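Shown next, in structure tokens, is the structure this report addresses.
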Ligand code: CLA
Ligand code: CLA
Ligand code: CLA
Ligand SMILES: C=Cc1c(C)c2cc3nc(c4c5[nH]c(cc6nc(cc1[nH]2)C(C)=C6CC)c(C)c5C(=O)[C@@H]4C(=O)OC)[C@@H](CCC(=O)OC/C=C(\C)CCC[C@H](C)CCC[C@H](C)CCCC(C)C)[C@@H]3C
Ligand SMILES: CC1=C(/C=C/C(C)=C/C=C/C(C)=C/C=C/C=C(C)/C=C/C=C(C)/C=C/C2=C(C)CCCC2(C)C)C(C)(C)CCC1
Ligand SMILES: CC1=C(/C=C/C(C)=C/C=C/C(C)=C/C=C/C=C(C)/C=C/C=C(C)/C=C/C2=C(C)CCCC2(C)C)C(C)(C)CCC1
Ligand SMILES: [Ca+2]
Ligand SMILES: [Fe+2]
């Protein structure tokens, strides 16, 4: 019988500690070596992941892209896809700028 | 007596060397920066893509590394994405594309050095201001 | 809604007319003494 | 002249209301300051103008006019040869010496009345005819001028064409729009959003045809006047006074002054935008273009993307159904420009095209414009009022539209001032109520 | 604390030397100090919530 | 008879009609009655109007939760822009109301009548054989009502912008305008203020001095006002005793003594000044905004030293950011 | 872009636009000398 | 034929594609060939809103409502693969397009019901054994009805979900208990149902047309109040291709 703000609640999970593959917005990837541009679009463009490693299995990844992904897996996480954060293409343009 | 030659020392190469640009270059670097950058990178940000800025730490995580002269220089010659995957000289001003970005035509290897040297000194002076905007104005 | 458009134009035209003519009706003339 | 005999010092030039000879020199001398300027300033521009750096980024406003006529530009307004500029600038600067010589002369040495010095040049205000004559000439003079444009287009080099099929570049018009329908159409087209007024005109065929359709009317009038006198109503309608004649010509200018402020702020055709900055709506459009592209080219599905209010960040519909750009830009869904049209379909911005037909020349052109929008301060500091210094710039489109609204306005004020004075100087009481016979004192009170 | 002047005031929490340690965000998109994220808690002494 | 038209033209022009309906008045009269009547109803009852473009309807009428201070007639929608939205262009009144139809109807009509009202303010003078120009002093307010209701929108691209007909929404127009044009920092407004501030100052002076030199013609127990009689022959106060004091307050020549020269300075100061503000709004309508001194006074190293111009801008940002919270999708406010 | 030869006039060319203002200002020197008859 | 400067303003840009009375054809479904739908359009025509129960459980009906917006209702550009799985039945899978439009209709009494007319993630199928799509064919299916407002939307007093205030900022020392409902913005997500019934066909060009009816929920206002039930009756065009 409590009303809950899904987003504040999700800042209790891994989300709010590491890049959430299923939720966090694309521009989050611009914080680690060669990861943004091409991979980020891939990660995001590939539905939810039952678990971090699953990134490693995205279609046509180069043995190099794969090499990096493994490097940064320690900065990734996964949480239930949260509509409020995913709906409306919010993952490509969450409405923030500088 | 504040813009000392120590505040003018920025990483030259990626191995470790440094260059101590003169107060003459600096100013000119700024003039050249407003001449071909500010239009889109005023204050060290990016009007047509706020995601990527010119903060030194940001350039560091770039690919290849741009937190030094040689790197920035390479860029103004042949720009690429933040991952280095695509060459973007066809939509971002460069020498590889002066035919489309005239302002770039003037620019000479010497100029490119200043403009770059400027992108590295500003944050030394301005600090956080250089990175963000509004919030920091 | 179309009828309202017609009406209004008729109405607006009636007055625009009155105005144009009224001045054409030699207005300079109307005053104490047109030297 | 003197005050205790004429008017008052700060009203000086009215002391010439009846001294045509001098009143000619006044007009000549002045008509020299305009040329002098046109000339002196074009060189000032040129002396600073930098061959390859956007004109709009250099505070130019005269050179842009010359370029639009197809002078020293080439493809995309490339500034191929500066000479036409130097050329145009000086010619004027000289013809100023001529006119200048006339003024100084005619307002000093020459006769201060054309009365007997020549009965054809001498004139009478109330002479409801020598006026219709002088008008007539001038009406012909303007006609020759209009036709000069058609020449520069249909015969000498052509003009600039943003809408140029290949893309912006000089183009010789050879199919002027004849036909009253299309031409005069623009005349009775609402000045409101969408259906603009005269400010529509999105092609040089019409601009040229329209002008051809002017001399062959303007000169047709220049004659009808040198061959007649105001009819009955005409006389019992207007006040035939020198000052009154001014008034009518005052309001005229003022009225156009707005028509101009609107033209340089909205039209893309007769003001390239390659020489001037980008239209205000044009820049608000390009910011969407820029981000509809950036986000698409990054994973987003712009067609389905839904924004904070439920309207869709990149694309939404207009009241009449067309698919337009989203955001505050929903107001500028009227903007039509070269760089954008190829993405338009029959129902508006088409998805398929947007999804994979966006050449790079547009991605960057769209970026150029959103970063050169018509915004800045008095001390020329480009951008929003909260912006920081650097990038000093103010669109020509601003400077122009701004100055002319001031001029345009004050002139309307001017119009009233004189139209009101001459309309009472006639009934004759512009100097006060006649103590002895106060009209009011002989009118039935209202209570 | 709220400076008698402000009708509404943000809730910032800082340590001993006034270092921003926690707070309640406005734009969650990038909270760094949000409670929860920092695991803030509150204890009471004296008064009726004592203990 | 003598053909009623001939006659009609005589009544229309009657110099002795309680209220002077003129040729201009033949328009002013119906136009202002349409506006004024629609405004009064709109303000009392009228659904929320989707002002900005989104679908976040604002209610301004009284029967919908307002009081005189908060209520207003809201500007036609942004989706409408500059487009001409008359009642016949709506699919139904409800559409017309939801989209802000009332505003356009009300301003196009007030601007039309207020203009003829300017024209009328000449016709009568003429018909009374008096000098004109009164109508030119009234061209200042009109010019300001024109700027704010028509010019500013033509520039910005939509009637959604452009001061809304209501007390509080007028404060809105201002607080935002500032943040978008930094108006307080624009010459034309400062002249607007010198005008409006000055005007008042002199209104007190003129009114002051004159009252201070009325010629004793009444007891101590009866109004000073009775000392004057409507239409009375000569002046009612000593224009020389007046100058005798004011001249001595500052210094002789730093004063007036010519009623005509003095009264003109009264009608010229505020009019000239108020014109300007109209020219400011009309100017900032095309984005030539106020002065910008942000990040000037930089020091020796390059540290920005901040001047009052900055604390200003700092407060301007706060405005820029929060205004129209749900109407922006991209970084730059170019509309 | 002022053709080289003429480039010895830059300084002058730079001032020419302002001249017109001067006229209005000279017209005031005139009336001042004539005592504003 | 008609172009942009030909349609602009006529509001024809909202009505979508018709098939001259020549139809009644049959588009041959190969099964050995992959079919997709080039452009699926859905043009709203009538909106009804089941009168909120009276409390007195006496069968509430769907009443007509007035369209307070303009001609901003149509769904177009929708596309995706028209899958031909076993037993002859066809299944359309919505891939992308302008598949949603915020509509606001003023209801009989006084209310204003804003809904998010959509067919997002639609997946409609047809009767088994579909050979050559004919006027007898027709699709049915569910779809997702996102949420009128995005996580980012702020309310007149500042409060919002993914951003914005935490509470009734203007009532500093009041009881939050009763304001909970409006201070915590929940973001719903529900299912909608349609059914496109083919009325015209053009064996040749491979384009069907017809009527549609869908039922969905209104806007709950970040969950401030209960959503109203809506039913939409319109028309639809559909260009099929291999
Ligand atoms: C289209 C051209 C035009 C022409 C030919 C005339 C002609 C005339 N005017 Mg009109 N006038 C005009 C436009 C024009 N006017 C406009 C637009 C206005 C509204 C402002 C007026 C307002 C006006 C008034 C109020 C008066 C006249 C008067 C007169 C008559 C005498 C001239 C005179 O007094 O000069 C003398 C001129 C000066 C004292 C110097 C010019 C001073 C101005 C204010 C300076 C502007 C300069 C520049 C733009 C600003 C400097 C830069 C600034 C940033 C510091 C003459 C018939 C007078 C008359 O007797 O009426 C019949 C009179 O009293 N005019
Ligand atoms: C620029 C526009 C302009 C022009 C063309 C005129 C023109 C004229 N004015 Mg007006 N005037 C103006 C602005 C202008 N005025 C303004 C702004 C004011 C308000 C201060 C006045 C106030 C005014 C008054 C009070 C009077 C006139 C009078 C006159 C007339 C006689 C001239 C005269 O007495 O010279 C006097 C001669 C001189 C002292 C010489 C001045 C120097 C010459 C003309 C300039 C040479 C120009 C340039 C440097 C050299 C070029 C040479 C090259 C071609 C070789 C003449 C038609 C008079 C009139 O109405 O007569 C009946 C008069 O009494 N004017
Ligand atoms: C340079 C410009 C010019 C000027 C100043 C004049 C001036 C004049 N013309 Mg000429 N005319 C011209 C060009 C010009 N004409 C051209 C190019 C032609 C084509 C060959 C003609 C053809 C012409 C004819 C056939 C006649 C005149 C006549 C006249 C005289 C009085 C008629 C009048 O003004 O009625 C003013 C108009 C009205 C009372 C009607 C008002 C109602 C209309 C329908 C509405 C206008 C609204 C407008 C579109 C909206 C904007 C309004 C604004 C306030 C917001 C007058 C001296 C008459 C004359 O006496 O013969 C010599 C005449 O019979 N003219
Ligand atoms: C907008 C600003 C405003 C100003 C600048 C102003 C100024 C003045 N009003 C005076 C008078 C008047 N004003 C009056 C009514 C009004 N005056 C108004 C508004 C103003 N009045 C208003 C709204 C009204 C009501 C209608 C009347 C009725 C009178 C007069 O009788 C009198 C006069 O003679 O009329 C011309 C003059 C008195 C001289 C004096 O006191 O010297 C003595 C004081 C001196 C020299 C010291 C200045 C004192 C102040 C406290 C210090 C300011 C500090 C700096 C010097 C300046 C600040 C800098 C700015 C950038 C902020 C003075 C020129
Ligand atoms: C009447 C009058 C007036 C008026 C006046 C006027 C209006 C004048 C004008 C004048 C003018 C209008 C003048 C002009 C002049 C010019 C000149 C003198 C020129 C020259 C040129 C040259 C020389 C050229 C060449 C060159 C080149 C090619 C290049 C290099 C450089 C140079 C520049 C050298 C006044 C107010 C005072 C007062 C009263 C009376
Ligand atoms: C198509 C085109 C064009 C053309 C144009 C044209 C063809 C125009 C025309 C125009 C015209 C054709 C105009 C007209 C005008 C007019 C006017 C402006 C008028 C006015 C009037 C008045 C103001 C009057 C008055 C009065 C009255 C009403 C009453 C009684 C008294 C009096 C007399 C006072 C162009 C090139 C741009 C471009 C392209 C397109
Ligand atoms: Ca120089
Ligand atoms: Fe008085």
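Protein chains in written order, with the entry's author numbering: chain u, 5037 to 5134; chain v, 5027 to 5163; chain i, 5001 to 5035; chain c, 5027 to 5473; chain b, 5358 to 5408; chain a, 5010 to 5344; chain k, 5010 to 5046; chain o, 5030 to 5271. Ideal Cβ placement from N, Cα and C applies to all residues, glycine included.
Within chain i, partners of residue i - CB distance below 7 angstroms
i                       : result
residue 5197 of chain c : Result: empty, since nearest Cβ-Cβ is about 42 angstroms, beyond 7 angstroms.
For residue j and residue i, the rounded distance between their alpha carbons
i                       : j                       : result
residue 5079 of chain v : residue 5043 of chain u : 27 angstroms
residue 5148 of chain o : residue 5058 of chain a : 28 angstroms
residue 5474 of chain c : residue 5118 of chain c : Within the shown structure, residues of chain c are numbered from 5027 to 5473, placing residue 5474 of chain c beyond reach of any answer.
residue 5077 of chain u : residue 5062 of chain u : 7 angstroms
Where residue i meets chain u, residues with beta-carbon distance less than 7 angstroms
i                       : result
residue 5103 of chain v : Those do not exist, as residue 5103 of chain v stays about 19 angstroms from chain u at its closest Cβ, beyond 7 angstroms.
Neighbour list for residue i in chain u, Cβ cutoff strictly below 9 angstroms
i                       : result
residue 5327 of chain c : 5125 and 5128
C-beta neighbour in chain v for residue i, strict 8 angstroms
i                       : result
residue 5341 of chain a : yes
residue 5309 of chain a : yes
residue 5447 of chain c : no
8 angstroms Cβ cutoff, residue i in contact with chain u
i                       : result
residue 5077 of chain v : yes
residue 5393 of chain b : yes
Proximity test, Cβ basis, 8 angstroms: residue i and chain a
i                       : result
residue 5216 of chain o : no
residue 5035 of chain i : no
Within-8 angstroms CB hit, residue i to chain c
i                       : result
residue 5037 of chain k : no
residue 5030 of chain k : no
residue 5117 of chain u : no
residue 5175 of chain o : yes
Partner residues on chain o for residue i, Cβ-Cβ distance less than 7 angstroms
i                       : result
residue 5381 of chain b : 5195
Residue i: contacting residues in chain c (beta-carbon distance under 8 angstroms)
i                       : result
residue 5062 of chain u : 5324 and 5325
residue 5292 of chain a : 5428, 5431 and 5432
Partners in chain i for residue i, counting only beta-carbon separations shorter than 9 angstroms
i                       : result
residue 5136 of chain a : 5030, 5031 and 5032
Within-8 angstroms CB hit, residue i to chain i
i                       : result
residue 5089 of chain a : no
residue 5030 of chain a : no
residue 5422 of chain c : no
CB contact check: residue i to chain o, cutoff 8 angstroms
i                       : result
residue 5365 of chain b : yes
Min CB distance residue i to chain b below 8 angstroms
i                       : result
residue 5114 of chain u : no
Under 7 angstroms from the C-beta of residue i: neighbouring residues of chain c
i                       : result
residue 5131 of chain u : 5334
Contact belief for residue i with residue j at Cβ below 8 angstroms, rounded distance in angstroms
i                       : j                       : result
residue 5299 of chain a : residue 5195 of chain a : 3 angstroms
Segment contact, 8 angstroms Cβ cut-off, at least three pairs: the region 5279-5295 of chain a with the region 5193-5206 of chain a: yes
At least three beta-carbon pairs within less than 8 angstroms, the region 5175-5184 of chain c to the region 5198-5211 of chain c: yes
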